[PDB]
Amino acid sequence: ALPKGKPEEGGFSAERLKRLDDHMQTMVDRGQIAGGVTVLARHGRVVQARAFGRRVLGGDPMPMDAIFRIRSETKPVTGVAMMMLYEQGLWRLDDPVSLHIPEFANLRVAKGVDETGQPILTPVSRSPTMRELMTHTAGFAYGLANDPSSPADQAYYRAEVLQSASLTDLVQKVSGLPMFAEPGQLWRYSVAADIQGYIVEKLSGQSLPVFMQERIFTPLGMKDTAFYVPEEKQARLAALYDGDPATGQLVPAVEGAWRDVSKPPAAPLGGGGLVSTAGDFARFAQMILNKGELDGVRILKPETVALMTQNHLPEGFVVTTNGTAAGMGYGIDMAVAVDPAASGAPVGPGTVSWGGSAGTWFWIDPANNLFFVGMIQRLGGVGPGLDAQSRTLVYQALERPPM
């Protein structure tokens, strides 16, 4: 559900594009992955959309409309939800977060640990701003790490923040838990998009899954994108695998029942709860390339998409792409390549990107008017390696005019 084209209509060598088909097949054969789906699109038409390997390890071949746990790749979609309430005047980037979440008045920061191993707690200098919420510079901590060397994280793990009964429960816990830092001091991946989710619910007056369906998935025809996989679509769900790369050994991953996608979640996570297909994600990516529009349907103003895909970080700050980096910045709920040449990366300046912990990746390069969506279900380093390798092979297949 995007128009198709010969690779040369997109500026590509069909021969040099096959080195990419080849690489994906080599990852199935070597048992790095069970299978996956890739979409490459330029000038609004698909030039390569392939499904390879199998949905389950023993089982049927990976269909083009496979459903994947996109995890942290949810974040930019939550970003678009927040920017719609931005356009309606319901919040400003300069607003303190405590204006929208009053409990955030009680935020305290962990400043090292006492002789009893408890964190020493100080009232926060000031509320984080919405812009710091949107850029992971608000000083909130990470919820998936039981790490005593980081008291703020250990407390989030212990309070079971991501496994909360509701988004109201989640935000109340965060308000009484130690922050990792004062707001505005550094970039650090956090539960910020999950808090963004609560702000969508509060400002919109609708639950996050209803807001995103009415205002994003339905209008853009993302027909399989949701916080769960309903019984009738359970057959298209890709299976999640783990193991060591060096050994061909793929094993089904064990992950807490809270990440389960068979039933609607009590606490929908804006940072990690979406499932989607390559086609649904591709339509989302194309909507960003078009500065807010797809097939006559406008969900964001072009000024608003331009704001999202710029670097909002201060001067010195440092990022990691993927939830699974010189010349690398961070816009509203997505990484941005400010100066890709500096790290010898092939993407165009202002390219936006992110990756989930289950190995899904995407990037959107406005300057070369193209995007890429990669879908696997593999924990560990495989996804990020595959991201890097696919970037190399795409830009190596691309023939632009010089000057």
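The numbering used is simple: start at 1 and walk along the sequence shown.
Per the record, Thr324 and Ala325 are separated by 10 or more deposited residues that are missing from the model. Looking at mean Cα B-factors across 327 to 335 and 251 to 259, the upper value is held by 251 to 259.
The stretch 20 to 28 shows the higher mean C-alpha B-factor when 20 to 28 is compared against 389 to 397 in the entry.
Within the listed group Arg69, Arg42, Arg54, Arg378, the record reports its top CA B-factor for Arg54. Within the group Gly176, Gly112, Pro183, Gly205, the record's highest C-alpha temperature factor is found at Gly112.
For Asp194, the recorded CA temperature factor ranks within the lowest third of the chain's modelled residues. The entry lists a Cα temperature factor for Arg108 that places it in the lowest third of the chain's modelled residues. Among all modelled residues in this chain, the alpha-carbon of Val47 has a temperature factor (C-alpha) in the middle third. When all modelled residues of the chain are sorted by CA temperature factor, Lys233 is found within the highest third. For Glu73, the recorded CA temperature factor ranks within the lowest third of the chain's modelled residues.
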